[PDB]
Every structure is written in C-alpha cells, then in structure tokens.
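A.B. asks:
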Amino acid sequence: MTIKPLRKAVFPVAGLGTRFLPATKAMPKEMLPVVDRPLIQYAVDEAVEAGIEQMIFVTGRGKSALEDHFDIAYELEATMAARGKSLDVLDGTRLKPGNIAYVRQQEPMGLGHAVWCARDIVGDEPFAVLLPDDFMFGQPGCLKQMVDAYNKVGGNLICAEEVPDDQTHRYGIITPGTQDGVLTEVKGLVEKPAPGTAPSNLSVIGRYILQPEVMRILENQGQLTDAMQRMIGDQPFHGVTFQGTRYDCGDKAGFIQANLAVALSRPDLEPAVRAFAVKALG
Amino acid sequence: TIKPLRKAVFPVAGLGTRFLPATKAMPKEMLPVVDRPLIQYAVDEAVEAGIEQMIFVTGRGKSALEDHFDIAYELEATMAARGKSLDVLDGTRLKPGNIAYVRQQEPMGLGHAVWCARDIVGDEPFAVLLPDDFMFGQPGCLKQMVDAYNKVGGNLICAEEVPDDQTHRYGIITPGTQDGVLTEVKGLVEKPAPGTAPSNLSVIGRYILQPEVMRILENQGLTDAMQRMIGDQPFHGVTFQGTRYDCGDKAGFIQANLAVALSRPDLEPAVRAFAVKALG
Amino acid sequence: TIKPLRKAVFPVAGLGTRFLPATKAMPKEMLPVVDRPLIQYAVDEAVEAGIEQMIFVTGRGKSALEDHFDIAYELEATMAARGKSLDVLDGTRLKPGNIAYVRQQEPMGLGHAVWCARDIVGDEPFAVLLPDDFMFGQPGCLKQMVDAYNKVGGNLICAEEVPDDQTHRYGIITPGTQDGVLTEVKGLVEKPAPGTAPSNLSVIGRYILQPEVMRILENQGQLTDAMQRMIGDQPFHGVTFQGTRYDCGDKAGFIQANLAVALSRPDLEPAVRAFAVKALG
Amino acid sequence: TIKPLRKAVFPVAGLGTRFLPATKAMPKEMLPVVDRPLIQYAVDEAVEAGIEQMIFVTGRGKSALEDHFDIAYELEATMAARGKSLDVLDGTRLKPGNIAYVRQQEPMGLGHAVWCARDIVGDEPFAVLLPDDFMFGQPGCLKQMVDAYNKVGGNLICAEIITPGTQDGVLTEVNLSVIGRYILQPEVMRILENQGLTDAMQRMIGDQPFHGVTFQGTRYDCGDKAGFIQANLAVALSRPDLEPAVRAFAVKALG
Ligand SMILES: O=P(O)(O)O[C@H]1O[C@H](CO)[C@@H](O)[C@H](O)[C@H]1O
Ligand SMILES: O=P(O)(O)O[C@H]1O[C@H](CO)[C@@H](O)[C@H](O)[C@H]1O
Ligand SMILES: O=P(O)(O)O[C@H]1O[C@H](CO)[C@@H](O)[C@H](O)[C@H]1O
Ligand SMILES: O=P(O)(O)O[C@H]1O[C@H](CO)[C@@H](O)[C@H](O)[C@H]1O
Numbered sequence: 001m002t003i004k005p006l007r008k009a010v011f012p013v014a015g016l017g018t019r020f021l022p023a024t025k026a027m028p029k030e031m032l033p034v035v036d037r038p039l040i041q042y043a044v045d046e047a048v049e050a051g052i053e054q055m056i057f058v059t060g061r062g063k064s065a066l067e068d069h070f071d072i073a074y075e076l077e078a079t080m081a082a083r084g085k086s087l088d089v090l091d092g093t094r095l096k097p098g099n100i101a102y103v104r105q106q107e108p109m110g111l112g113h114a115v116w117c118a119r120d121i122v123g124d125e126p127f128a129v130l131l132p133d134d135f136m137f138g139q140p141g142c143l144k145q146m147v148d149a150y151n152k153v154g155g156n157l158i159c160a161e162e163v164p165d166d167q168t169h170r171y172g173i174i175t176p177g178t179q180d181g182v183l184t185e186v187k188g189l190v191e192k193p194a195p196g197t198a199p200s201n202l203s204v205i206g207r208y209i210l211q212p213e214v215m216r217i218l219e220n221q222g230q231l232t233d234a235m236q237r238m239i240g241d242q243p244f245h246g247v248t249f250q251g252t253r254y255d256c257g258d259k260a261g262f263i264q265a266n267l268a269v270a271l272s273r274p275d276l277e278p279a280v281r282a283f284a285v286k287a288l289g
Numbered sequence: 002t003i004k005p006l007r008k009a010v011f012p013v014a015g016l017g018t019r020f021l022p023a024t025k026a027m028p029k030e031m032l033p034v035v036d037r038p039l040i041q042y043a044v045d046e047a048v049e050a051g052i053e054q055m056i057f058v059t060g061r062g063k064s065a066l067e068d069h070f071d072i073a074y075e076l077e078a079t080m081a082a083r084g085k086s087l088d089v090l091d092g093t094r095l096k097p098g099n100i101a102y103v104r105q106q107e108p109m110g111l112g113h114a115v116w117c118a119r120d121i122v123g124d125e126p127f128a129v130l131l132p133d134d135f136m137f138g139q140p141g142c143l144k145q146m147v148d149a150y151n152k153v154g155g156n157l158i159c160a161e162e163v164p165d166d167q168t169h170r171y172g173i174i175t176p177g178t179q180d181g182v183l184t185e186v187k188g189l190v191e192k193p194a195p196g197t198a199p200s201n202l203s204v205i206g207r208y209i210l211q212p213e214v215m216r217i218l219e220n221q222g231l232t233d234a235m236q237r238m239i240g241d242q243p244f245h246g247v248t249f250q251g252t253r254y255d256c257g258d259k260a261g262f263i264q265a266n267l268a269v270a271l272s273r274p275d276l277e278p279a280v281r282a283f284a285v286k287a288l289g
Numbered sequence: 002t003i004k005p006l007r008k009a010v011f012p013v014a015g016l017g018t019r020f021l022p023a024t025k026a027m028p029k030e031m032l033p034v035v036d037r038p039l040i041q042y043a044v045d046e047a048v049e050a051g052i053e054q055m056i057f058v059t060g061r062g063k064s065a066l067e068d069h070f071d072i073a074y075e076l077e078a079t080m081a082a083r084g085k086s087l088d089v090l091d092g093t094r095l096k097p098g099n100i101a102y103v104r105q106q107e108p109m110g111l112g113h114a115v116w117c118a119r120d121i122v123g124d125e126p127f128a129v130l131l132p133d134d135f136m137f138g139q140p141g142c143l144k145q146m147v148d149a150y151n152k153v154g155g156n157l158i159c160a161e162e163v164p165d166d167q168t169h170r171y172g173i174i175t176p177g178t179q180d181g182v183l184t185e186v187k188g189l190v191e192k193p194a195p196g197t198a199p200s201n202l203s204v205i206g207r208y209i210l211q212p213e214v215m216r217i218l219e220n221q222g230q231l232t233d234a235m236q237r238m239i240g241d242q243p244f245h246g247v248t249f250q251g252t253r254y255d256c257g258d259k260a261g262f263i264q265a266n267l268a269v270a271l272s273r274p275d276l277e278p279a280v281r282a283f284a285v286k287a288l289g
Numbered sequence: 002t003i004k005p006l007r008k009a010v011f012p013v014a015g016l017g018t019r020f021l022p023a024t025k026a027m028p029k030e031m032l033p034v035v036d037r038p039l040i041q042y043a044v045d046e047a048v049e050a051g052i053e054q055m056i057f058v059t060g061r062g063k064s065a066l067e068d069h070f071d072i073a074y075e076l077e078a079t080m081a082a083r084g085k086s087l088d089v090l091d092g093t094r095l096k097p098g099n100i101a102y103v104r105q106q107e108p109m110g111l112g113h114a115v116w117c118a119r120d121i122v123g124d125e126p127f128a129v130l131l132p133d134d135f136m137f138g139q140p141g142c143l144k145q146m147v148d149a150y151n152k153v154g155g156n157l158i159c160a161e173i174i175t176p177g178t179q180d181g182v183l184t185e186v201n202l203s204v205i206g207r208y209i210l211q212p213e214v215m216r217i218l219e220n221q222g231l232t233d234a235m236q237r238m239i240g241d242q243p244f245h246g247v248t249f250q251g252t253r254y255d256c257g258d259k260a261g262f263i264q265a266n267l268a269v270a271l272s273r274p275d276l277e278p279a280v281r282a283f284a285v286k287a288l289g
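Which chain is which? The protein sequence lines are C, B, D and A, in order. Numbering (the authors' numbering) for the first sequence: 1 to 222, 230 to 289. Numbering (the authors' numbering) for the second sequence: 2 to 222, 231 to 289. Numbering (the authors' numbering) for the third sequence: 2 to 222, 230 to 289. Numbering (the authors' numbering) for the fourth sequence: 2 to 161, 173 to 186, 201 to 222, 231 to 289.
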C-alpha cells in the first residue's frame, strides 16, 4: 500500500498537426525542429532531467520517424566514424533498451483517450504527461521544476500560466485557491469555457504529473480534464508556474519565435542571427 | 497462490538471415503460412490463452509488424467501396494499448530480448512466444499450457522429444516425474555436446515464466536464468497436443504451408490434386 | 529494323486484397516462394532477358519493394561480422539508376499503371511483367520471348491454354497461324462473358510492346483495348512458355509454386518430399 | 535552336550530418522553412520555370520525400471530415509519373548523384537543384535562369569560386560563388558516364556557351544552422499573418 515513484512519462504523439501543412503532411509534427532538435527530443530530455526512466509514446499511423529517432542510426553512426566525426552530437537521442515503449492510438480521439492508451504500461504508479508542442524554455526544465514541487506536496500537479482574456476559451481553466510561492491550489477546472464564463485566467499547460487514480477514472468513463476534476476533493492538486518562457509551437508564429529564441542563446549562432534579425527588421 | 497470466512477450528483432533473400527487407516474422504471417498466428494463440497485453521487442527494419496490427486506413476504405467484408481482418487489431513495442537496439539474443520488456511486465508472470515455432493444433499451444498453469502454477515450457543427432541444437531437459502431459524439469543444459545429452526432450519456443526470472535477468545484465529457478518453484515441461513446424528452417516453412493448406476446405482439393501429380 | 529491348515495367501497386490478412501491411509482391519474393523472380527474369532498366510503378505502403533492391546496410555489416557470405544476396542489387520508381497515386488498373512509365520509356519498346504470374522454367519466360522478338519484332505476349470456365478471367486471343512456339493474334477481348470466348488461349502477365502502344494509352486519357488497335500493322504474336506457370494470384497457386520450387531444391527436396507423402494419406 | 528544358535533377541522398540530431532519422531535405520543406520550395521553383519531369536521386532513410509528393490518403480524408480546404496542399503533388525516384545506393558525391539520372534524362538538357540553397525571390532562381537560357542556350549556373570575362547584365561568361542551380547540356551526362566530377563541366567551356547567372533575390545557405534560422525569419516576416507577432518578438528579444 506504499506509493510508487514516478519513473514514467506519457507522450501524446499521434496528432495530424493539420495546422502546419504542408510541412506536416508526411512528417510528424513532433519532429519539427527548434534549431537542431525535434520537439519530442526536447520533451524527453526534459523528462530525463526530471528523473523519469520510462518514456511511453502513444503514436499514430505515419510516425516511424519518431521511432527511428530514438534507436541506433546504424548507417549514420558508421558514416560519421568513417569521418572521424564524434557521436557526441547524438548524446541523449538513445535511451537504454526498453526505456521507450510505443503503443498505437489507432483512432484519433483526443488527449484523454491517448493517455488512457498507456493504462497497462503505467499500472499503479504516478505518471507524467508532456505535450511536445508546448516548448518550455528554461533551466531547470519544466518537468524538473514540477517534480521538485511534487517531492514536497505530492498528489497531482499541472503547469499553470496566466493567459489573456480573449485566449481563455482555448485552454482548460483553473479556479485558484491559496498561493504558496510557485504553487497555487486548484479548486476547480473547466475545459475551454465560453467567452464570458471564465472562472479566471490561469490555464492548464501541457505538463502534468498525475496519480494512478486518474487512469482508473479514465478507464471507467471508458476525457481528462473532467477526470482530474473528480480528484479535487481528496488529493493535493496544485498548479505550478514555470521559471522560464513557454512557446506555443502549436501555431506557426510560436514555432518561429522559439527557433529565434534558442538560436540567440547559442554561442555559435547568435552573432550571425542577431546581425541578420537587426537588418531584416528595418 | 498462482498469479494469473495476461502478459506475453514476442521476440521479433531477428535478421532471419536463414531465409535470405526473402528476409532482406522484410521481417521474418511476417512470412505467411498460406495467408497470415507467423506473428499473427502467435498473437491469435495468445489471445485464445487469455492474454491481454502483447509486448513486441522489435528491431530496426520492422515497421510492417507495427502496421499490421493497426488500422489499415486506405485498405479498409477501398474494401468498403467494393462491399468487401472486413471480417477477413478480424483479430488483426486489438484494443488500443494492448500491443506495446520496445526496440531491442542491439541483437544480443533471447535473454536480452526478454529482458527488454522488464518494465512492462513488472512483478507478474509472463509468457514468451517465438513465432518461428509454428504450433498447429487445437486448442493452441499456449492455451493448453495456461490450462496446466492454472493448476500447477510456477514455470512451464513446451517440451518435445527430438532425435539423437538433433539434441545439440536445443536446450535439453533432465526429466523427473511425468503426470500425463506434464513432466518435471530437474535440470537443463543449453545445446549439449553430442554424446553428452541428459535425455531427448528439448525446449520449444513457448514459455510461461514467473517474475523472479526477469529479476534474475536484470541481475546478470538466459536459459541459464530459468534454471536458478528449479529448487524454488514448480517447473514443468508441457507436451503439445498437435504438431509443431520449425519455420526457422526452409523445409519446415514449406511443410507448414502445405499442412495448413490441406486443412483448408477451399484449398485442399486443388492442393492435394497438385501435390499428388507433382510427387510422381 | 527491330528496336532492341532494354526496358521493363513492373506494375506493383496492387492492394492484393485476395491474400488478406497477410497482405494487410506487406506488399503482395513481397510474398516469398520459398526464398525470394515474387518481384525478385520477376527482375531476375528480366535481367536474363537482357533488360537493363527496371521501372517500378508502386503504390503507397510499399517501401519494402524499394529497400529490397538497395544495400541493406546493417544486415550486410552484421553478416560480415560473422564471416557469412553475401553471395545469397547476389542479384538483389542492380547498378545505381537501373531501377526507377514512380507512384501510381490512384489504383486505376493495369493500363493506367503502364501509362505512368510513359516518360521513362519514351520512344522505345518495353516489357511488362506481372509478378503474380510465377513463371517456372528456363531459359525463362521473358528470355524465351525476347529470343522470338529478335527475329519477329513487333509485339508479343505470353499465351496459355486455360480451362473453359476460367476464360472469363483473362484477356482472350483469337489465334491465327501457329509457327512452333508462336501463334498470330488476330484479335483479343478482355475478360469475355462465359459463352462468348473466341478461344481458350489467354494473355499471361508477360508482354513486349512497341512505343506506339504508350502513345495510344496517353491518347485514351486501358491496356488490352490498346494492343488491339495494333493488329493490322505490327507483327503481333502469342508466345507459349516452355515451362509451367503458377498463378500466385490465388492461394492455391502460391502454395503449389512453393512446393514445386522446394522439390527442385537439392537441400529441401528430401525433407519436403518425405513430409509431402506422409501428410497426404 | 535550343532543346527547350523539361527535366530537373534533385540530389536528395545526403545524410545532413551538419544538422544532427534533427536529421538523425529525418531527411534534411524535409526541414521546414516555416511552412514547407526545402524540396517543396525547390520543386515549386522548377514548375515555375516550366520543368515537367522531376527526378529525385535519393538515399536509404528517405521515404518521407516520396510520401510527401503523393496523395496523403488519411489526411485528406480527415480534412474533408472537417470542412477544411485542401488548397493548403496545392503544388504538393504532380501528375503521376512526373516525379521519378532512383536510389544512389552509395554516397559518392554530386557528380555520381547526377550520373544516376543518366537514362531518365537521356539526350536532353537538364536542370539540377540543391534544395539546401534556399533561393528567396521572385520570380525565383530557376525561372530567371531559364529566361536567360532561351536566349543564349548552352550551360548556365547560378553565381554569387569563379573567374569571369564579359558581363552582360545578369550574365557573365565563365568570386562568383557557384550556387546549387544548374542548367546543363546532355553532353555533360556523357562526360560523367565516361569518367565513370562536376568540375568536368569545364571540359565544356571551349565548345558551348557557358554563363553564370546572378539571382535577383537573396540566397540562404540552409546547409548551416545560422542560414536555416535566417531563412525562416525572412520568410516569416514576408507573411502578412505572421510578421506582426514575429517582428514584435524579434525586436524585444534583441535588446
Ligand atoms: O492543447 P489541447 O490538446 O487542445 O488541450 C489540452 O492541452 C491544453 C494546454 O496546451 C490544456 O489547457 C487543455 O485543458 C487540455 O485539454
Ligand atoms: O532457436 P535458437 O535461438 O537456436 O534456440 C532458442 O530457441 C529454441 C527453440 O527454437 C530453444 O529450444 C532454445 O532453448 C532457445 O535458446
Ligand atoms: O491479371 P489482370 O491484371 O487481372 O489481367 C491482366 O493479366 C491477365 C493474366 O494474368 C490477362 O489475361 C489480362 O488480359 C490482363 O489484362
Ligand atoms: O555539397 P557540395 O556538393 O560539396 O557543394 C554543393 O552544395 C553547396 C551548398 O551546400 C553549393 O554551394 C555548391 O555550389 C554545390 O556544388
């Protein structure tokens, strides 16, 4: 009757990313690069830093690239070796065998259904959920900051962020309680409220740490927000504000902004990129 | 007590070099015995045995095994546009999440492959099926084995008497008491030298193992693991009520295709007719 | 002046619905007869016939067909690491460029498929091979055909006598003069109705056509119906294969082909024959 | 006269090691410049220049390039089910047969790559486009080049290391960094076959008109990360729906 550690994270990667066509008509959206790494790469790096040791990808149909990316690139590594090029550039692209599991979603039925797909791999253990479109820039990574708070309050946690009024109908909204620094009690939550019925402004961001009871609730109704809801009254539920900036690579403008931000932070790229940005701006 | 099954591991990361050039760019596990691939048969067998979580330990060029168990979108659409029943595909798709894939990364054998499923299995007994061992019969091999499991528990493996000159190719069992279909395993040696075989009953690619076996594998990180397990838990060999075809070998693959074909009402007539002629 | 033969078209975009579930996610052209995929036998055949440009018109889920004819990097490296000879793969890789692929995009049949190779063929004669028609024998179907082509020229197709209740499934030929292995085609109808068959010699998946046939296909923007318009002005003969053909298009044929080849293999025949008789009563 | 020009060769078999780990399992030719992958821009450029036959010489892990130019069955179905227009995909797929693929098999460089298309091109003039060289401008590099072709014929290359002679405005008889845009005569194929590299186009200077064309626009070397980012920023600033937010961010982020 103990409580297990969270050595697990679930990555919903079965979307058709229709917003980025034509680029995504044959390329997984999750594979779009922020400078030189694909969105999922950042996401799993984040998880590793947070101490997670079992990544479980719930995929779709045309996404083999996601699978190959985290395996040995046999010919590539051979080619590089034949050129004295170091494989350090691939550090972190491959985990221990078994640490990355895949399960097909089969039918595109949303986030809750997706998480539900991992039910048997998670078991009676708390688990994390990361939506790669939410590029979280900062140190430590969002998940690590979150796990840090988990270690002290336990229960369920989600990344929270103040959003403009005309933006509230696009996210799940939190009904805030007591604030204790970075944490803030969630007294309620509604998935995309109507534009006049927003309980507040702090929305839910694609970073979660949930207790196994949430899986159970999903199996039973067998969606997510409504499932976390059912667990306000009996388990610690807090919103965590990220010490860094988040870029919504879900929309083209964010994607570009993220690329720029990261490039400006790179020793070898900022000089050239800065110089160019400057002129190009008038 | 005897913890219930429901989890099966399928090692499918081999390069099947024996079937080249057929397996040069296609998974050996996908070779058809008439009209269904070897894994399909193995999965069906698991389903019948009450297993509800398939764990595939794959290799690099094997996306076909993945697509085979998902919805074939365009195909199903084209069949519907021709009033063709999709019943032909029943059993091809399981519930979302019931089939998990993990990459073996490096081909280091059976033990290593099974080891790759450690976190998915957990504490929990698990089954292991090698699709190359085509098990023809009813009920299926795994079902017959699980029936014996719910009675004796512990670890079980499929056993089969093999000719003398063939013993050096299998793991051999040192038999104890026989109770109908079961036979106690008092010891086992992987591929003994010819003249050194303790007996003739070898190990076949069908296993039901206790979680302590995974533990022993993580620790040594193969056949040698099952054995640090004889004085502690009931360990029996099960004889299959049916015939097994070694599709690991060219001749076996063909024999299997012939056998199944002859059991098919719509194929038997034509096949038998030809077989006879062609034989002289 | 007979245009030399140097190109072959392989229609490999079918969904092989007949072999489900085996063909649910695997190209039917990759089904093996003992050792080698159907398409491998087909290209072998073309190579023997002196063809040096294979042109595959494929579909959507058929990357295996493309990988099969390229270097299998990891595999060849692993075999080398085990002193295993790569001879087993001889013929699986041709010279760079000798195999071209074009996507059919939509499954509109054989004529459409061949039409897709129009700009690759151009103004030159071309062959057409349907891998489902496993041609067992030697020299080998295309070779035997090209031998006849080199003396008669024009257009040729493999012809085979088929049972009466089987005629409605093939294109049927109206035979003329027979000159040994050849037989003039005076006409042909695609799948005639049962009772309407002009004869019994059907068209088999092996063709040698003149560029004018492409022209006619481009204009009509089907196959059978186009070869027709080429009767009164280009030598058109049907060729009989010196060997046996297996219709791997249907399950029984696939099985039969596998058994036939197996029995011709010194290393497999003993075990296979022994089994065959026992399991047969 | 001058044999028109209806064929283009696209060398797309590189391992893009410079963009690791992004290109570990994804073709570098598929890297997006905001909305579309590099090859898309390249083929669009070709179509605008009147090219009717695209020939891709690919490598091993590059199925994405093939699927991209075919019908995305399930996707188009899903969009339809959402009343979303497919115009977003216009230019994504050409007439069947207009895109041919040949495997390079062995990574032996540009010359060998072009050589692989020898039998598809035949005795005809052909273009060559390296998608890493993102050519931003209107009417687009190949078009501008083809315009000069119909006048002078022979062989042309995009210029921006070469020594010149006479400058006829945009043309200049052969700095001038050579750029990945070529229009070559069939005799160059023959010379490649024989020695069986590119600087063998030179064995073609005393017999055919050979000029360098200067591009009316700017080129971004998406071969290196700085260039890739610059290209994405430039295009974004040119898009009415993205420029506002992108510019506002850029400014703030720059200090
Ligand atoms: O992004 P989705 O899938 O449209 O919506 C999901 O993630 C959002 C954050 O990105 C949350 O605010 C929503 O509550 C959640 O349902
Ligand atoms: O097939 P392998 O790898 O030579 O040997 C493996 O499968 C055999 C059955 O096929 C088992 O009897 C062996 O114990 C196992 O190690
Ligand atoms: O096989 P298909 O495409 O159904 O039909 C095609 O090949 C047959 C032989 O296999 C010929 O008899 C038909 O005339 C030809 O159109
Ligand atoms: O990559 P290569 O073949 O060494 O060089 C090639 O690509 C370069 C861009 O990457 C171009 O600037 C060169 O003109 C072209 O020949």
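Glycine residues also receive a C-beta, built at the ideal position from the N, C-alpha and C atoms.
Could you list the residues in the region 46 to 78 of chain B with a C-beta less than 7 angstroms from some C-beta on chain A, going in chain order?
C.D. replies: 74 and 75
A.B. asks: Pair every Cβ in the region 199 to 208 of chain D with every Cβ in the region 160 to 172 of chain D, then say whether three or more of these pairs are closer than 8 angstroms.
C.D. replies: The answer is yes - the region 160 to 172 of chain D touches the region 199 to 208 of chain D, with three or more Cβ pairs under 8 angstroms.
A.B. asks: Is there a Cβ of chain D sitting closer than 7 angstroms to that of residue 223 of chain B, yes or no?
C.D. replies: Note on chain B: numbering goes from 222 to 231 directly, and residue 223 of chain B within that interval has no coordinates.
A.B. asks: Ends of the beta strand (DSSP E) at residue 217 of chain A?
C.D. replies: It is not in any beta strand (DSSP E) - residue 217 of chain A instead sits in the alpha helix (DSSP H) that spans 213 to 220.
A.B. asks: Does the distance between the C-beta of residue 56 of chain A and the nearest non-hydrogen atom of ligand 3 fall short of 6 angstroms?
C.D. replies: Between ligand 3 and the CB of residue 56 of chain A, the shortest heavy atom gap is not smaller than 6 angstroms.
A.B. asks: At a Cβ threshold of 7 angstroms, is residue 17 of chain A touching chain D?
C.D. replies: no
A.B. asks: Taking 7 angstroms as the threshold (C-beta atoms), are residue 111 of chain A and residue 79 of chain C in contact?
C.D. replies: no
A.B. asks: I'd like the span of the alpha helix (DSSP H) that includes residue 40 of chain C, first residue to last.
C.D. replies: 39 to 49
A.B. asks: Report the rounded CA-to-CA distance for residue 215 of chain A versus residue 116 of chain A, giving the unit in angstroms.
C.D. replies: Cα to Cα, the separation comes out at about 7 angstroms.
A.B. asks: Using a threshold of 6 angstroms, is the CB atom of residue 204 of chain D nearer than that to any non-hydrogen atom of ligand 3?
C.D. replies: yes
A.B. asks: Suppose the cutoff is 6 angstroms on Cβ atoms and the five residues either side in sequence are ignored; what does the same chain contact list for residue 186 of chain C look like?
C.D. replies: Excluding five sequence positions before and after residue 186 of chain C, the CB atoms of its chain that fall closer than 6 angstroms to its own CB belong to 174, 244 and 246, given in chain order.
A.B. asks: I need the straight-line Cα distance from residue 220 of chain D to residue 193 of chain D, nearest angstrom please.
C.D. replies: Straight-line measurement puts the Cα of residue 193 of chain D at about 24 angstroms from the Cα of residue 220 of chain D.
A.B. asks: So what's residue 59 of chain D in DSSP terms, helix, strand or just coil?
C.D. replies: strand
A.B. asks: May I ask you to check if the CB of residue 171 of chain B is nearer than 6 angstroms to at least one heavy atom of ligand 2?
C.D. replies: yes
A.B. asks: With a threshold of 6 angstroms on Cβ separation, who are the neighbours of residue 63 of chain C within its own chain once the five nearest residues in sequence on each side are excluded?
C.D. replies: 28
A.B. asks: Shortest alpha-carbon distance to residue 256 of chain A belongs to which of A:99, A:268 and A:143?
C.D. replies: A:268
A.B. asks: Say yes only if the C-beta of residue 16 of chain C is nearer than 6 angstroms to one or more non-hydrogen atoms of ligand 1, and no if none qualify.
C.D. replies: Closer than 6 angstroms to some heavy atom of ligand 1: that does not describe the Cβ of residue 16 of chain C.
A.B. asks: Identify the contact partners of residue 100 of chain B in chain D, using a Cβ-Cβ distance below 9 angstroms as the criterion.
C.D. replies: Contact of residue 100 of chain B with chain D by beta-carbon distance below 9 angstroms is absent, the smallest such distance being about 13 angstroms.
A.B. asks: What do you get for residue 151 of chain C, buried or exposed, if any count of 16 or more other CB atoms within 10 angstroms of its CB means buried?
C.D. replies: exposed
A.B. asks: Tell me, please, whether the CB atom of residue 120 of chain C is closer than 7 angstroms to any CB atom in chain B?
C.D. replies: Residue 120 of chain C has a beta carbon lying within less than 7 angstroms of a beta carbon in chain B.
A.B. asks: Sort out for me which residues DSSP pairs residue 185 of chain A with in a bridge.
C.D. replies: A:245
A.B. asks: Assign residue 238 of chain D to one of two classes, buried (16 or more other C-beta atoms within 10 Å of its C-beta) or exposed (fewer than that).
C.D. replies: buried
A.B. asks: On a Cα-Cα basis, can you pick out the residue from D:6, D:197 and D:106 that is closest to residue 72 of chain A?
C.D. replies: D:106
A.B. asks: Between the beta-carbon of residue 43 of chain A and the beta-carbon of residue 132 of chain A, is there less than 7 angstroms?
C.D. replies: Yes, they are a contact pair.
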